[PDB]
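Colleague: fold the stuff below for me.
(chains A and B, ligands or ions: 7)
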Amino acid sequence: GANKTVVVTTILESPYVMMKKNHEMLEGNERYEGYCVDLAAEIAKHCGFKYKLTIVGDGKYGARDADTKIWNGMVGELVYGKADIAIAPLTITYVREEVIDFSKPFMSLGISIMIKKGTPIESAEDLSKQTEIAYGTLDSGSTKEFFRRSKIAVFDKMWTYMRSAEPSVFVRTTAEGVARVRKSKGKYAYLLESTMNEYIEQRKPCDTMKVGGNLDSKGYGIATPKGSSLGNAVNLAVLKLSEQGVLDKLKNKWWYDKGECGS
Amino acid sequence: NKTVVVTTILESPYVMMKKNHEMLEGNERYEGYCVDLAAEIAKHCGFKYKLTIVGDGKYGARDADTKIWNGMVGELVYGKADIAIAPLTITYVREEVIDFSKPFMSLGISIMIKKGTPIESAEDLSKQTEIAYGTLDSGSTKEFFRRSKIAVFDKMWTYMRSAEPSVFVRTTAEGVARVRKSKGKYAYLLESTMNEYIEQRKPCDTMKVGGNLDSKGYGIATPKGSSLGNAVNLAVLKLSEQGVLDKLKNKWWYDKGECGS
Ligand SMILES: N[C@@H](CCC(=O)O)C(=O)O
Ligand SMILES: N[C@@H](CCC(=O)O)C(=O)O
Ligand code: NA
Ligand code: NA
Ligand code: NA
Ligand code: NA
Ligand code: NA
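Modeller: Numbers count the residues shown, from 1 in each chain, chains lettered A, B, ... in the order given. Ligands and ions are numbered 1, 2, ... in the order given. And now the structure:
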């Protein structure tokens, strides 16, 4: 085919993709900064393409509606032919792998627990065995599906509580989870990926922290539509950037170099 | 149908000989994390299989002169095996010539010392000469050093590649033995998974020090273009999501720890 600008679907999720301070003065890809913005640039340079960052319209990662079977989110953008690639903290999962292609992971993570400092909770088991502290997850992403599908007793118990809790314990964006932890005087804990958690505990006012081990072990991948010829080069580029140390540099740059909570 | 030929490697606790194996036959000779994994993948994908220990006992590297692949990788490239189920690192050079599932385990390169050795990091190794150190032959750790442009790692490579006698070993067990027997004068660079397993084994004289040097994964490998790959990769993601991989890990690493809780 002719030369074409690659349409990249991504999500406003700190520190992956953020609005730059002076974004009102800026246009196109220059509006944004963060780990995935830098990662996009690196993949584009290796794979020899021009591209356009496009924030996903509905703000979601991607789930399939059980009634209509329509995919939302970034996954929907690839499934339905709107975008050419997803460069974002998109978890490689079974149900997504059936419908899109994924690179090998560019980051490793697991589900984890965020508390307001001081909350008397150290583990999933501790959340599951009490009722005073509410807890939930992001909508339309892999963490909620983790709970919904777990056969492990403690996780199952947690899903059973979460799915029926009133008011709703689920949040639309990670920022909304963070505010609910910060504002709830220790009466809400948030289940989110260790990568997001670790970032948030580096930001003022330093009132949150990760507790416990991770609940699972998995990875974020760069996604393309099933069968897209871009996949092979993009997967090699990931592995090369991993091997060169560039992914490690990017993680330190966006998580720790400008940390607001010490060390 | 047809029996799937699985290449693997004798590497504790992934594949080990059972007690009394000399009277056993076939797949029943072996036990460990990758034996259990192979069984799970075969069940999910609907195939019979035969485990076969790689003839040359290597993971796989390409000879710079001949461009021939050895090890498990060579098995798959030259058509001797249909799948590899082993702690085989997903790497750029390998990805060019075989297919890989998404990772079934996460790991990084790490440092093993005999307890009390005055080393706490790679940097520490690189700044002295009393304590020798090396890696496995024919694997991803050795390639990591050979190819690194990071100063500390490049410096390590320069030393290792020229050190006399050789600091490289043929098997992980040999590297561990060398650590154990060298009175603190040998440290070994190996994957955090293996390091963690050995520090749970008697005589409890080794330990992992410092952070991991990198972050990567093991995958199930198949020859490039094999029709097994799709189903295998989905099976790894299912076993992951069902918590089976975590259960296998706990069974083979920690259940049997001999060096405390
Ligand atoms: N990374 C997740 C979103 C965050 C979460 O669900 O905790 C996904 O790809 O769905
Ligand atoms: N997992 C490695 C072998 C161990 C090592 O090199 O430390 C490989 O696939 O080459
Ligand atoms: Na796919
Ligand atoms: Na073999
Ligand atoms: Na180390
Ligand atoms: Na499950
Ligand atoms: Na688990």
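Colleague: find the closest residue to ligand 4 in chain A.
Modeller: residue A:104 (23.9 Å; C-beta to the ion). (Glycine included, C-beta is placed from N, CA and C.)
Colleague: and the gap between that residue and residue B:99?
Modeller: Plainly put, residue A:104 is 11 Å away from residue B:99 if you go by C-beta to C-beta, to the nearest Å.
Colleague: tell me which of those two has more neighbours.
Modeller: Neighbours per residue (other C-beta atoms under 10 Å in any protein chain shown) separate residue A:104 from residue B:99, with residue A:104 holding more: 24 against 21.
Colleague: contacts only, for that one.
Modeller: A:219, A:221, A:235, A:238, A:239, B:90, B:95, B:100, B:102, B:103, B:217, B:219 (C-beta atoms under 8 Å, 6 or more residues apart in numbering or on different chains).
Colleague: same check, this time on residue A:185
Modeller: residue A:116.
Colleague: so residue A:47 touches residue A:235, yeah?
Modeller: No. The pair formed by residue A:47 and residue A:235 falls short of the contact definition of C-beta atoms under 8 Å, at 10.0 Å.
Colleague: how close does residue A:75 get to ligand 1?
Modeller: 8 Å (C-beta to the nearest ligand atom, to the nearest Å).
Colleague: repeat that for residue A:208.
Modeller: 15 Å.
Colleague: one more: residue A:122?
Modeller: For residue A:122, the distance to ligand 1 equals 20 Å [C-beta to the nearest ligand atom].
Colleague: close to ligand 6: what parts of chain A are there?
Modeller: Among all residues of chain A, those adjacent to ligand 6 (criterion: C-beta under 5 Å from the ion) are residue A:149.
Colleague: and the helices in chain A?
Modeller: Assignment of helices within chain A using DSSP state H yields the ranges A:35-47, A:73-79, A:94-97, A:124-128, A:142-149, A:153-164, A:174-183, A:194-200, A:230-244, A:246-255.
Colleague: relative to helix A:153-164, how tilted is the fifth one?
Modeller: Right, the one you point to is helix A:142-149. Between helix A:142-149 and helix A:153-164, the angle formed by their directions is 110 degrees, by axes from the mean of the first three to the mean of the last three C-alpha atoms, to 10 degrees.
Colleague: any part of helix A:142-149 near ligand 7?
Modeller: No. Helix A:142-149 lies out of reach of ligand 7 by C-beta under 5 Å from the ion, never closer than 8.9 Å.
Colleague: just checking, what packs against that helix?
Modeller: Applying 3 or more C-beta pairs under 8 Å, 6 or more residues apart in numbering or on different chains; DSSP states H and E, one finds that helix A:142-149 makes contact with strand A:134-137, helix A:153-164, strand A:188-193.
Colleague: wait, residue A:6 touches residue A:54, no?
Modeller: No. Using C-beta under 8 Å as the test, residue A:6 is too far from residue A:54 to be in contact (10.3 Å).
Colleague: sorry, back to before: quick check: the farthest pair among the contacts of residue A:104?
Modeller: The distance between the two most remote of these (C-beta to C-beta) is 15.0 Å, for A:219 and B:95.
Colleague: which stretch among the helices and strands packed on helix A:142-149 comes nearest ligand 7?
Modeller: Comparison of the helices and strands packed on helix A:142-149 against ligand 7 by C-beta to the ion identifies helix A:153-164 as nearest, at 7.8 Å.
Colleague: what's the closest non-adjacent residue to the residue in the stretch 101-250 of chain A that chain B sits nearest to?
Modeller: The shortest separation between the stretch 101-250 of chain A and chain B is 4.2 Å, found at residue A:239 (distances taken as C-beta to the nearest C-beta). Leaving aside its sequence neighbours, residue A:239 sits nearest to residue B:92 (C-beta to C-beta, 6 or more residues apart in numbering or on different chains; 4.2 Å).
Colleague: distance check, residue A:253 against chain B.
Modeller: 15 Å (C-beta to the nearest C-beta, to the nearest Å).
Colleague: who does residue A:208 bridge with?
Modeller: residue A:116 (DSSP bridges).
Colleague: tell me the contacts of it?
Modeller: Residues in contact with residue A:208, defined by C-beta under 8 Å, 6+ apart, are A:114, A:115, A:116, A:117, A:178, A:181, A:182, A:197, A:200, A:201.
Colleague: quick one, what contacts the second one?
Modeller: The reference is to residue A:115. Residues in contact with residue A:115 (C-beta under 8 Å, 6+ apart) are A:121, A:181, A:186, A:189, A:208, A:209, A:211.
Colleague: repeat for the fifth one
Modeller: Taking C-beta under 8 Å, 6+ apart as the definition of contact, the neighbours of residue A:178 are A:114, A:190, A:200, A:208.
Colleague: so is stretch A:84-100 next to ligand 1?
Modeller: Yes. If you take C-beta under 6 Å from any ligand atom as the test, stretch A:84-100 does meet ligand 1, through A:89, A:90, A:91.
Colleague: what's the spacing between that stretch and its chain's center?
Modeller: Mean C-alpha position of stretch A:84-100 versus that of the full chain (C-alpha atoms, centre = their mean, to the nearest Å) differs by 11 Å.
Colleague: same question, stretch A:132-142
Modeller: Averaging C-alpha positions (C-alpha atoms, centre = their mean) puts stretch A:132-142 14 Å from its chain's average.
Colleague: start and end of that stretch, how far apart?
Modeller: By C-alpha to C-alpha, to the nearest Å, the extent of stretch A:132-142 from end to end equals 26 Å.
Colleague: contacts for it?
Modeller: Under the contact criterion C-beta under 8 Å, 6+ apart, stretch A:132-142 has outside partners A:60-63, A:72-73, A:91, A:93, A:113, A:119, A:121, A:127, A:143-144, A:147, A:158, A:161-162, A:165, A:168-174, A:177, A:184, A:186-192, A:218.
Colleague: give me the phi and psi for the spatially most central residue of chain A.
Modeller: Chain A has residue A:89 as the residue nearest its centroid, 3.9 Å off, counting by C-alpha atoms, centre = their mean. The main-chain torsion angles of residue A:89 are listed as degrees, to the nearest 10 and equal phi -80, psi 70.
Colleague: state the distance from it to ligand 5.
Modeller: Computed with C-beta to the ion, to the nearest Å, the distance linking residue A:89 and ligand 5 is 26 Å.
Colleague: identify the residues contacting that residue.
Modeller: Under the criterion of C-beta under 8 Å, 6+ apart, the contact partners of residue A:89 comprise A:11, A:13, A:16, A:36, A:107, A:193, A:195, A:196, A:220.
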